[PDB]
Amino acid sequence: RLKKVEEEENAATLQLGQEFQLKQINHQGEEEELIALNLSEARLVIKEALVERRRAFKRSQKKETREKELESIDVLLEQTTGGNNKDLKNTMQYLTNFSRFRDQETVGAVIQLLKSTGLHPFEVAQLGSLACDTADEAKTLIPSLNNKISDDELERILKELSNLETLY
Amino acid sequence: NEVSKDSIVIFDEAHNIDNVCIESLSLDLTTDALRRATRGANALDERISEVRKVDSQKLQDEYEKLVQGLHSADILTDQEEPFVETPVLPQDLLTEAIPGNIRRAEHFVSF
Amino acid sequence: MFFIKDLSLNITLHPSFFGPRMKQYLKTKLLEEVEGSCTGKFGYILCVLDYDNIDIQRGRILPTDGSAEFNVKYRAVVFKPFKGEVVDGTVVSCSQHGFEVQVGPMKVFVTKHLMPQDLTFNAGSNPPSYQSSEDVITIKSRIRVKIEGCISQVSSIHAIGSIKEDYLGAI
Amino acid sequence: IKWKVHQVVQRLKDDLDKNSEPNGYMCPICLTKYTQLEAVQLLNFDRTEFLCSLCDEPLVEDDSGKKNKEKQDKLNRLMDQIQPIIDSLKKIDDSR
């Protein structure tokens, strides 16, 4: 239909793609906002899903320490699934390498703060997946953030996030 | 600037001076002027790119002078004149620093 | 970057697998052809969410074959390789005209023209190290690369990148 | 005249922009050019060189990187030659 070109770049000045935009509708008819994620939040939820499905298989045949955890979830993965997920091994290595918080509670407190701030979701998810403590340097890194946010507010959020998160 | 505050002021036959007052702060926008503005902005942008290529020292000097927040009277002398003359009355001017969002030359061009 | 959304799949089932216990059988099939997979629309498909209360509930027998078609709706995690922002990836392999950075799942390459010309690249390195101050390509090799564009194709994902920017290549 | 000079300017400017890009590759057996990305998807298992899909030929790099400055200079001197036309165009736009 008209071949509908629609050239679009992905950036943080609310320059978001159509294919993953914000307001969708879920299949029951309720509105489906976009779920963007933090690196430490993803690091938590992969463990949550893994322990949930592992206990699900425990019921099936019945009827945060990263060095142990990566290899343990690996052997849990080749317990049932295949060994082809070398790139998925690379992904949780990336998650445990650069995720801003190793512990769950700092991430939970940050999200509890952000649920009150009501910031832009993709913006603050990019900020959370990034691991830095310098707001002006982050603005020099991403001129999209430099144009969007004031440096004073950026650092006033960054320090009260930086004191909480596990420094590396 | 160079007038005595306690001089004597007289006006003659300014019974239609309100029109001069009106045009003192009124302005119009045309399409060709917009086109000339686009062309001038592009020319300035390419000149800034060329200057950043050949010698970024002057641009960095201007940028740090803006970081200190100097102004037209601060930097310019008398023998040089400001390009964009002060459109507003001096009682209403801004005298603080340039924001970082337009502080860089490229930032101001994109602005 | 990684994304969460409800997503739909259509799956065939051979008529030999019409045994009395097929719901968890379909759940297993959903597992090994969702986990560890790549596409163009959603990129690398990482793992599934919402293992319970999943949505299949009904299926049609195909006309010409005893295969039964099913429609599966599920929450999941994928990866969306963007363009134009910084990632601190790792490099495993290198070429003569640029290094190949493995930022997680894919292998993004930077051409010898996409590296800055003032980077002091020495070809006599193992791997060929495009280092100036600190970004020496190692087994770790945390290199801040910006994806110029992850070009999307048929389900084999490829990306391009460069380090011609301040703190790009530099962490 | 304005359309032709505009087309020439855009053509040569995009020529210089394209010549600033990496040159690419080709397989001379089939005499078909190959882009840098097409080289990326056609590499060997050794992650060193690139082999053709049809002729199975090791990809040889295109020769345009030295031509970048040549096309830039040709653009510059062509603008210098065309500059009186530009000035006359400016005066024409001044006129009615």
# chains A, B, ... in the order shown; residues from 1 in each chain; ligands from 1
>>> interface_residues(of="chain D", to="chain C", cutoff="8 Å", atoms="only C-alpha atoms", output="PyMOL selection string")
chain D and resi 21-22+41+47-48
>>> write_last_selection(atoms="N, CA and C atoms", output="short mmCIF file (atom, residue, chain, number, x, y, z; two decimals), in the first residue's frame")
data_model
loop_
_atom_site.label_atom_id
_atom_site.label_comp_id
_atom_site.auth_asym_id
_atom_site.auth_seq_id
_atom_site.Cartn_x
_atom_site.Cartn_y
_atom_site.Cartn_z
N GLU D 21 32.95 6.91 0.90
CA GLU D 21 32.63 5.62 1.49
C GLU D 21 33.71 4.60 1.14
N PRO D 22 33.77 3.48 1.86
CA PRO D 22 34.66 2.38 1.45
C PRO D 22 34.32 1.87 0.05
N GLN D 41 28.98 -10.44 4.38
CA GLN D 41 28.18 -11.66 4.40
C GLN D 41 28.78 -12.80 3.57
N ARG D 47 37.48 -16.11 8.75
CA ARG D 47 37.21 -14.72 9.14
C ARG D 47 38.31 -13.79 8.66
N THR D 48 38.88 -14.10 7.49
CA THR D 48 39.98 -13.34 6.93
C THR D 48 39.64 -12.73 5.58
#
>>> residues_around(residues="residue D:35", least_positions_apart="6", cutoff="10 Å", atoms="only C-alpha atoms", output="ChimeraX atom specification")
/D:22-26,41,61-62
>>> residues_around(residues="residue B:96", least_positions_apart="3", cutoff="12 Å", atoms="only C-alpha atoms", output="PyMOL selection string")
chain B and resi 66-72+93+99
>>> write_last_selection(atoms="N, CA, C and O atoms", output="PDB file, in the first residue's frame")
ATOM      1  N   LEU B  66      32.167  31.850  25.789  1.00  0.00           N
ATOM      2  CA  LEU B  66      30.755  31.671  26.109  1.00  0.00           C
ATOM      3  C   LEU B  66      30.563  30.862  27.386  1.00  0.00           C
ATOM      4  O   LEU B  66      29.560  31.047  28.084  1.00  0.00           O
ATOM      5  N   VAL B  67      31.487  29.945  27.688  1.00  0.00           N
ATOM      6  CA  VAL B  67      31.423  29.215  28.952  1.00  0.00           C
ATOM      7  C   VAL B  67      31.566  30.181  30.119  1.00  0.00           C
ATOM      8  O   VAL B  67      30.812  30.115  31.098  1.00  0.00           O
ATOM      9  N   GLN B  68      32.503  31.127  30.010  1.00  0.00           N
ATOM     10  CA  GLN B  68      32.536  32.222  30.975  1.00  0.00           C
ATOM     11  C   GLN B  68      31.353  33.158  30.835  1.00  0.00           C
ATOM     12  O   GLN B  68      31.066  33.900  31.777  1.00  0.00           O
ATOM     13  N   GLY B  69      30.669  33.151  29.697  1.00  0.00           N
ATOM     14  CA  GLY B  69      29.452  33.922  29.570  1.00  0.00           C
ATOM     15  C   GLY B  69      29.645  35.371  29.201  1.00  0.00           C
ATOM     16  O   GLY B  69      28.863  36.220  29.642  1.00  0.00           O
ATOM     17  N   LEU B  70      30.664  35.688  28.413  1.00  0.00           N
ATOM     18  CA  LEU B  70      30.874  37.064  27.996  1.00  0.00           C
ATOM     19  C   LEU B  70      29.812  37.475  26.979  1.00  0.00           C
ATOM     20  O   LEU B  70      29.125  36.642  26.386  1.00  0.00           O
ATOM     21  N   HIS B  71      29.682  38.782  26.782  1.00  0.00           N
ATOM     22  CA  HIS B  71      28.633  39.301  25.918  1.00  0.00           C
ATOM     23  C   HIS B  71      29.207  40.201  24.834  1.00  0.00           C
ATOM     24  O   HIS B  71      30.431  40.285  24.671  1.00  0.00           O
ATOM     25  N   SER B  72      28.321  40.855  24.078  1.00  0.00           N
ATOM     26  CA  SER B  72      28.754  41.659  22.940  1.00  0.00           C
ATOM     27  C   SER B  72      29.560  42.869  23.389  1.00  0.00           C
ATOM     28  O   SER B  72      30.599  43.181  22.800  1.00  0.00           O
ATOM     29  N   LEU B  93      16.889  43.414  28.568  1.00  0.00           N
ATOM     30  CA  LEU B  93      17.841  42.475  27.998  1.00  0.00           C
ATOM     31  C   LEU B  93      18.240  41.401  29.002  1.00  0.00           C
ATOM     32  O   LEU B  93      18.149  41.587  30.217  1.00  0.00           O
ATOM     33  N   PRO B  99      23.299  29.305  27.287  1.00  0.00           N
ATOM     34  CA  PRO B  99      23.141  27.890  27.632  1.00  0.00           C
ATOM     35  C   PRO B  99      24.047  27.001  26.798  1.00  0.00           C
ATOM     36  O   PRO B  99      24.410  27.324  25.664  1.00  0.00           O
TER      37      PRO B  99
END
>>> interface_residues(of="chain A", to="chain B", cutoff="9 Å", atoms="only C-alpha atoms", output="list in words")
residues 146, 147 and 150 of chain A
>>> write_last_selection(atoms="N, CA, C and O atoms", output="tab-separated table (two decimals), in the first residue's frame")
chain	number	residue	atom	x	y	z
A	146	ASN	N	22.05	15.21	25.51
A	146	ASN	CA	22.51	16.58	25.74
A	146	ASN	C	21.45	17.60	25.37
A	146	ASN	O	21.20	18.56	26.11
A	147	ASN	N	20.79	17.40	24.23
A	147	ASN	CA	19.69	18.26	23.82
A	147	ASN	C	18.45	18.06	24.68
A	147	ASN	O	17.74	19.03	24.96
A	150	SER	N	18.34	18.68	30.91
A	150	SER	CA	19.25	19.60	31.57
A	150	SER	C	20.26	18.82	32.39
A	150	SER	O	19.93	17.81	33.02
>>> residues_around(residues="stretch 87-103 of chain A", least_positions_apart="3", cutoff="8 Å", atoms="only C-alpha atoms", output="JSON, numbers by chain")
{"A": [39, 40, 42, 43, 64, 66, 70, 74, 106, 107, 128, 129, 130, 131, 165, 166, 167], "C": [36, 46, 103, 104, 105, 106]}
>>> write_last_selection(atoms="C-alpha atoms", output="CSV table (one decimal), in the first residue's frame")
chain,number,residue,atom,x,y,z
A,39,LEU,CA,20.5,-4.0,31.9
A,40,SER,CA,20.4,-4.8,35.6
A,42,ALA,CA,17.1,-7.8,32.6
A,43,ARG,CA,19.8,-9.4,34.7
A,64,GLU,CA,24.1,-12.0,42.7
A,66,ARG,CA,27.5,-14.3,39.1
A,70,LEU,CA,26.1,-18.1,34.8
A,74,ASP,CA,24.0,-22.7,31.7
A,106,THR,CA,19.0,-1.3,44.4
A,107,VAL,CA,17.3,-2.0,41.1
A,128,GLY,CA,19.7,2.5,33.3
A,129,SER,CA,21.3,0.1,30.8
A,130,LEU,CA,24.2,2.6,30.6
A,131,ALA,CA,26.7,2.3,33.5
A,165,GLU,CA,24.2,1.2,42.6
A,166,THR,CA,27.2,-1.1,43.0
A,167,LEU,CA,30.2,0.8,41.7
C,36,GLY,CA,18.1,-19.2,20.6
C,46,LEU,CA,16.4,-14.6,23.6
C,103,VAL,CA,28.6,-7.0,21.2
C,104,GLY,CA,26.7,-9.9,22.8
C,105,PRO,CA,25.0,-12.0,20.2
C,106,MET,CA,25.9,-10.4,16.8
>>> residues_around(residues="residue B:59", least_positions_apart="5", cutoff="9 Å", atoms="only C-alpha atoms", output="list in words")
residues 48, 51, 52, 64, 104 and 105 of chain B
>>> write_last_selection(atoms="N, CA and C atoms", output="short mmCIF file (atom, residue, chain, number, x, y, z; two decimals), in the first residue's frame")
data_model
loop_
_atom_site.label_atom_id
_atom_site.label_comp_id
_atom_site.auth_asym_id
_atom_site.auth_seq_id
_atom_site.Cartn_x
_atom_site.Cartn_y
_atom_site.Cartn_z
N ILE B 48 31.40 26.98 9.13
CA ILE B 48 31.79 26.49 10.45
C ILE B 48 32.45 25.12 10.33
N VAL B 51 35.95 25.79 9.03
CA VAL B 51 36.79 26.39 10.06
C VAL B 51 37.16 25.34 11.10
N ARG B 52 36.22 24.48 11.48
CA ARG B 52 36.53 23.38 12.39
C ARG B 52 37.52 22.41 11.76
N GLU B 64 34.80 28.70 24.87
CA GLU B 64 35.14 28.90 26.27
C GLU B 64 34.80 30.31 26.73
N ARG B 104 27.82 25.69 21.72
CA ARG B 104 28.68 25.31 20.61
C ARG B 104 28.17 25.93 19.32
N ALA B 105 29.09 26.15 18.39
CA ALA B 105 28.72 26.73 17.11
C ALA B 105 27.77 25.82 16.34
#
>>> residues_around(residues="stretch 117-119 of chain A", least_positions_apart="4", cutoff="12 Å", atoms="only C-alpha atoms", output="NGL selection string")
:A and (14 or 110-113 or 123-127 or 149 or 153-154 or 157)
>>> interface_residues(of="chain C", to="chain A", cutoff="7 Å", atoms="only C-alpha atoms", output="short mmCIF file (atom, residue, chain, number, x, y, z; two decimals) with N, CA, C and O atoms, in the first residue's frame")
data_model
loop_
_atom_site.label_atom_id
_atom_site.label_comp_id
_atom_site.auth_asym_id
_atom_site.auth_seq_id
_atom_site.Cartn_x
_atom_site.Cartn_y
_atom_site.Cartn_z
N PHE C 2 17.38 -4.93 24.39
CA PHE C 2 16.44 -6.02 24.60
C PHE C 2 15.03 -5.49 24.80
O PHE C 2 14.81 -4.41 25.35
N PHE C 3 14.04 -6.27 24.35
CA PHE C 3 12.66 -5.83 24.42
C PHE C 3 11.74 -6.93 24.90
O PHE C 3 12.02 -8.13 24.77
N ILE C 4 10.61 -6.50 25.46
CA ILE C 4 9.55 -7.37 25.95
C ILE C 4 8.27 -7.00 25.22
O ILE C 4 7.85 -5.83 25.26
N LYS C 5 7.63 -7.98 24.58
CA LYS C 5 6.32 -7.76 23.99
C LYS C 5 5.60 -9.09 23.85
O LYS C 5 6.24 -10.14 23.76
N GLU C 32 12.14 -24.93 22.12
CA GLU C 32 13.37 -24.97 21.32
C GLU C 32 13.22 -24.37 19.93
O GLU C 32 14.21 -24.36 19.18
N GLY C 36 16.93 -19.11 21.43
CA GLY C 36 18.07 -19.22 20.55
C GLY C 36 17.68 -19.12 19.10
O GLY C 36 17.86 -20.08 18.34
N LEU C 46 15.58 -14.11 22.46
CA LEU C 46 16.39 -14.62 23.57
C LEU C 46 15.68 -15.74 24.32
O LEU C 46 16.13 -16.89 24.31
N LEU C 49 8.77 -15.60 28.17
CA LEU C 49 8.15 -15.21 29.43
C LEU C 49 6.77 -15.84 29.51
O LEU C 49 6.24 -16.33 28.51
N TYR C 51 5.45 -18.64 31.31
CA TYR C 51 5.45 -20.06 30.97
C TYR C 51 4.10 -20.69 31.27
O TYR C 51 3.62 -21.52 30.49
N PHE C 82 19.90 -1.62 17.54
CA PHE C 82 19.57 -0.27 17.09
C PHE C 82 20.63 0.25 16.12
O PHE C 82 21.46 -0.50 15.58
N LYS C 83 20.60 1.55 15.88
CA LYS C 83 21.66 2.26 15.18
C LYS C 83 21.87 3.62 15.83
O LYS C 83 20.93 4.25 16.31
N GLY C 104 27.68 -8.90 22.49
CA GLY C 104 26.68 -9.89 22.81
C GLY C 104 26.49 -10.88 21.69
O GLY C 104 27.41 -11.61 21.31
N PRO C 105 25.27 -10.93 21.13
CA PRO C 105 24.98 -11.99 20.16
C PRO C 105 25.57 -11.77 18.78
O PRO C 105 26.16 -12.71 18.22
N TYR C 167 35.36 9.49 23.06
CA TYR C 167 34.92 8.37 23.89
C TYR C 167 34.14 7.33 23.10
O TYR C 167 33.24 6.68 23.64
#
